[PDB]
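Engineer:
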Amino acid sequence: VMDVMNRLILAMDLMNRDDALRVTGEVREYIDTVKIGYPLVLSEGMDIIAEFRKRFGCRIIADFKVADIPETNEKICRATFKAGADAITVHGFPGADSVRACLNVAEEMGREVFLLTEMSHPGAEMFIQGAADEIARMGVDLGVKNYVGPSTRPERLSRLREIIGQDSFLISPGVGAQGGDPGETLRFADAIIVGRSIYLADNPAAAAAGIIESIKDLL
Amino acid sequence: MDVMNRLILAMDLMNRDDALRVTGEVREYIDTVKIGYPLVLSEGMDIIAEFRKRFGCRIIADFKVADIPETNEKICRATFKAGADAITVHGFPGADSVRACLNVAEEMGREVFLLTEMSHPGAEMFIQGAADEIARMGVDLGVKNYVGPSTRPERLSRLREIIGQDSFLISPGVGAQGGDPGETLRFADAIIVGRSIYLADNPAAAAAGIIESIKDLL
Ligand SMILES: O=c1cnn([C@@H]2O[C@H](COP(=O)(O)O)[C@@H](O)[C@H]2O)c(=O)[nH]1
Ligand SMILES: O=c1cnn([C@@H]2O[C@H](COP(=O)(O)O)[C@@H](O)[C@H]2O)c(=O)[nH]1
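Same order as they appear, the protein sequences are chains A and B. Each residue of the first sequence is one higher than the one before, starting from 8 at the first, in the entry's author numbering. Each residue of the second sequence is one higher than the one before, starting from 9 at the first, in the entry's author numbering.
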């Protein structure tokens with residue numbers, strides 16, 4: 008599995024290149040894994056991945072939540088890996104063919120897929136929560152090794168960990184701004200994803216260091 | 009939304025020159041182009057403005073927005089800043105995620121298209137069983153524009169029933185995925201067509217042929 012420094016992944020959702028680079032640079036001593044999503048990519052271009060690689064010693068997870076038909080999913084994954092992303096996130100709710108399309112490209116291209124199981128926001132209760140255990144089981148059957156699950160629902164995160172097994176890699180957003188606790192989340196997740204609690208802080212480095220201090224015995 | 013010839017081009021070529029050339033070849037037949045991540049992630053969001061400059065066509069950004077509310081808002085803002093007239097949004101992530109998109113669309117004078125049931129085989133696993141409820145959620149939220157599957161006209165018909173005749177419904181899965189243009193237009197206001205046009209030996213003839221086949225419906 009990827010070796011995530013300090014079990015902490017920065018969710019870099021600032022939408023301005025200068026601010027995104029400044030903040031990421033400020034926390035780089037604490038974090039070697041950065042999640043870049045559509046807020047930044049659609050604002051600054053896919054070349055932002057190249058820029059981050061050039062500036063920082065960071066792996067890049069492209070959080071694109073791929074959710075199209077198999078043929079379009081393949082194209083999205085190809086473009087994303089061509090740009091230099093180490094990994095891409097993929098929704099499971101569109102079904103096994105859509106997931107398989109992404110896995111096939113990732114295999115061919117030597118990169119990784121993260122399967123999104125249950126999401127951390129309130130609306131996830133409406134449809135996703137009821138499908139999530141089956142989505143996770145589907146991932147296991149398809150050979151998915153990397154998963155995303157919700158910090159905001161420890162009971163759900165624990166169940167999802169059970170389903171995927173201890174050998175699978177699990178990362179978890181919803182820590183901080185959405186209400187999730189770093190320590191409790193790391194009982195089940197390999198790494199926590201943190202965005203606003205760091206990138207909106209007056210001192211993002213101090214914010215990151217504070218989170219890390221609070222989980223030091225878990226490192 | 010008034011779509012010329014009830015036909016929306018799905019421009020999923022991933023090279024700028026080819027995308028512009030092929031769109032140019034079929035421009036007399038359409039005034040609405042769906043641009044998705046295959047083209048945008050290959051050539052950048054500036055491609056949207058370029059299409060508007062060259063063709064004046066309406067642009068639907070088929071981004072299938074599927075994040076938490078806060079991220080959805082940011083995705084919609086970036087997308088509309090680039091000049092998209094509309095954006096597609098998954099309903100599966102729930103009502104708050106959809107509302108986030110509706111808010112930005114209202115603010116910027118744009119439209120949200122709610123994706124109800126998808127057209128590929130995997131849609132049967134989870135989406136199909138939620139789709140009627142997703143459509144009712146759209147109605148509850150005041151959504152006026154919807155996407156449903158050409159490949160299952162009985163499901164497309166049910167979705168039309170739920171949303172009513174006043175709502176606007178577009179439908180992909182025509183041609184390559186097996187759906188029929190005329191049958192789909194029994195229920196949808198417009199059909200989305202990608203590969204059957206953009207992979208054709210002669211895209212203009214392909215478009216003309218589709219339109220010929222539905223001429224009585226225009
Ligand atoms: O279920 C979820 C919830 N959030 N996120 C993403 O993780 C980050 C959460 O950031 P935050 O710490 O500012 O809440 C954002 O990029 C959000 O899109 C997910 O991928 N899945
Ligand atoms: O349920 C679906 C099925 N397809 N599409 C999109 O519509 C287009 C279908 O193209 P095609 O005519 O080449 O199959 C592609 O861009 C695909 O991502 C959807 O939005 N929803």
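Every residue, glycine too, gets a C-beta built ideally from N, C-alpha and C.
At the level of alpha carbons, what is the spacing between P211 (chain B) and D39 (chain B)?
Structural biologist: When rounded, the distance between both Cα atoms is 15 Å.
Engineer: Under 9 Å, do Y206 (chain B) and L17 (chain B) count as touching if we go by C-beta distance?
Structural biologist: Against a cut-off of 9 Å, the Cβ pair of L17 (chain B) and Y206 (chain B) comes out as a contact.
Engineer: Using a beta-carbon distance cut-off of less than 7 Å, what residues from the segment 52-83 of chain B approach chain A?
Structural biologist: Listed in sequence order: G52, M53, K72, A74, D75, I76, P77, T79, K82, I83.
Engineer: Assuming the contact rule is C-beta atoms closer than 8 Å, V48 (chain B) and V73 (chain B) should be a hit. Round their C-beta distance to whole Å, please.
Structural biologist: 13 Å between Cβ atoms; not a contact.
Engineer: Indicate the three-state DSSP secondary structure (helix, strand or coil) for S127 (chain B) in the structure shown.
Structural biologist: Coil.
Engineer: Buried or exposed: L21 (chain A), going by 16 or more other Cβ atoms within 10 Å of its Cβ?
Structural biologist: Looking at its Cβ environment, which holds 16 or more other Cβ atoms inside 10 Å, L21 (chain A) is buried.
Engineer: If you draw a straight line from the C-alpha of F195 (chain B) to the C-alpha of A131 (chain A), how long is it?
Structural biologist: C-alpha separation (whole angstroms): 30 Å.
Engineer: List, in order along the chain, the chain B residues whose C-beta lies closer than 9 Å to that of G44 (chain A)?
Structural biologist: By Cβ distance, chain B contributes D75, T79, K82, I83.
Engineer: Does the structure place the segment 78-95 of chain B close enough to the segment 78-90 of chain A that three or more beta carbon pairs sit under 8 Å?
Structural biologist: The segment 78-90 of chain A, when compared against the segment 78-95 of chain B, does not touch it at the 8 Å Cβ threshold.
Engineer: So the alpha helix (DSSP H) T31 (chain A) belongs to, where does it begin and stop?
Structural biologist: Start and end: 24-34.
Engineer: Any idea what DSSP makes of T159 (chain A), helix, strand or coil?
Structural biologist: DSSP places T159 (chain A) in coil when its eight states are reduced to three.
Engineer: So is the beta-carbon of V201 (chain A) under 8 Å away from any non-hydrogen atom of ligand 1?
Structural biologist: Because some heavy atom of ligand 1 lies under 8 Å away, the Cβ of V201 (chain A) counts as near it: yes.
Engineer: Tell me which residues of the segment 18-29 of chain B have at least one Cβ-Cβ distance to chain A shorter than 8 Å, keeping chain order.
Structural biologist: Result list: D20, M22.
Engineer: Does DSSP put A208 (chain A) in a helix, a strand or coil?
Structural biologist: Of the three classes helix, strand and coil, the one that applies to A208 (chain A) here is coil, per DSSP.
Engineer: How would you list, in chain order, the residues of chain B whose beta-carbon sits under 8 Å from the beta-carbon of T87 (chain A)?
Structural biologist: By Cβ distance, chain B contributes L49.
Engineer: Around the C-beta of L123 (chain B), are 16 or more other C-beta atoms found within 10 angstroms, so that it is buried, or is it exposed?
Structural biologist: Its Cβ being crowded by 16 or more others within 10 Å, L123 (chain B) is buried.
Engineer: Taking just the CA atoms, how far does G91 (chain A) sit from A198 (chain A)?
Structural biologist: Between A198 (chain A) and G91 (chain A), the C-alpha separation is close to 22 Å.
Engineer: Using the Cβ count rule (16 or more neighbours within 10 Å means buried), how would you classify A214 (chain B)?
Structural biologist: By the neighbour-count rule (16 or more Cβ atoms within 10 Å), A214 (chain B) is buried.
Engineer: Who are the near neighbours of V151 (chain B) in its chain, counting only those whose CB is closer than 6 Å to its CB and skipping five residues on each side?
Structural biologist: These residues qualify, in order along the chain: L122.
Engineer: Between the beta-carbon of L110 (chain A) and the beta-carbon of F59 (chain A), is there less than 9 Å?
Structural biologist: Cβ atoms of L110 (chain A) and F59 (chain A): not closer than 9 Å.
Engineer: Per DSSP, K42 (chain A) forms a beta bridge with which residues?
Structural biologist: A:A18, A:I68, per the DSSP bridge assignment.
Engineer: Please state the DSSP three-state secondary structure of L225 (chain A).
Structural biologist: Note: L225 (chain A) maps to helix in three-state DSSP.
Engineer: At 3 residues or longer, and completely inside the segment 69-103 of chain A: list those beta strand (DSSP E) runs for me, N to C.
Structural biologist: If we require 3 residues or more, the beta strand (DSSP E) runs fully inside the segment 69-103 of chain A come out as 94-98.
Engineer: Given a threshold of 16 other Cβ atoms within 10 Å of its Cβ, counted over all protein chains shown, does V34 (chain B) qualify as buried or as exposed?
Structural biologist: So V34 (chain B) counts as buried.
Engineer: Is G172 (chain A) helix, strand or coil when you go by DSSP?
Structural biologist: Correct three-state label for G172 (chain A): coil.
Engineer: Given this structure, state the Cα-to-Cα distance separating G202 (chain A) from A113 (chain B), to the nearest angstrom.
Structural biologist: Whole-angstrom Cα-Cα distance: 25 Å.
Engineer: Please report the residue range of the alpha helix (DSSP H) in which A57 (chain A) lies.
Structural biologist: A57 (chain A) -> alpha helix (DSSP H) spans 54-62.
Engineer: Is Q185 (chain B) near ligand 2, in the sense that its beta carbon is under 8 Å from a heavy atom of that ligand?
Structural biologist: Result yes, Cβ under 8 Å from ligand 2.
Engineer: Please tell me whether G172 (chain A) has its Cβ less than 9 Å away from any Cβ of chain B.
Structural biologist: Closer than 9 Å: no.
Engineer: Is residue 228 (chain B) a contact residue of ligand 1, with contact defined as CB to any heavy atom under 8 Å?
Structural biologist: This structure does not reach residue 228 (chain B), given that chain B is present from 9 up to 226, and the question cannot be answered.
Engineer: Taking the straight line between their C-alpha atoms, what separation do you get for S175 (chain B) and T31 (chain B)?
Structural biologist: Taking the straight line from one Cα to the other gives about 28 Å.
Engineer: Would you give the residue range spanned by the beta strand (DSSP E) that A198 (chain B) belongs to?
Structural biologist: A198 (chain B) -> beta strand (DSSP E) spans 198-201.
Engineer: Using the Cβ count rule (16 or more neighbours within 10 Å means buried), how would you classify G181 (chain A)?
Structural biologist: By the neighbour-count rule (16 or more Cβ atoms within 10 Å), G181 (chain A) is buried.
Engineer: Against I135 (chain A), what residues of chain B qualify as contacts under a CB-to-CB distance less than 8 Å, listed in chain order?
Structural biologist: The answer, in chain order, is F100, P101, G102.
Engineer: Which of the residues in the segment 116-127 of chain A, read from start to end, lie with their CB under 8 Å from any CB of chain B?
Structural biologist: So the list reads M126, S127, given in the order they occur along the chain.
Engineer: Just by C-beta distance, which residues in the segment 158-187 of chain B are closer than 9 Å to chain A?
Structural biologist: Hits within the stretch, in order: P180, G181, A184, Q185.
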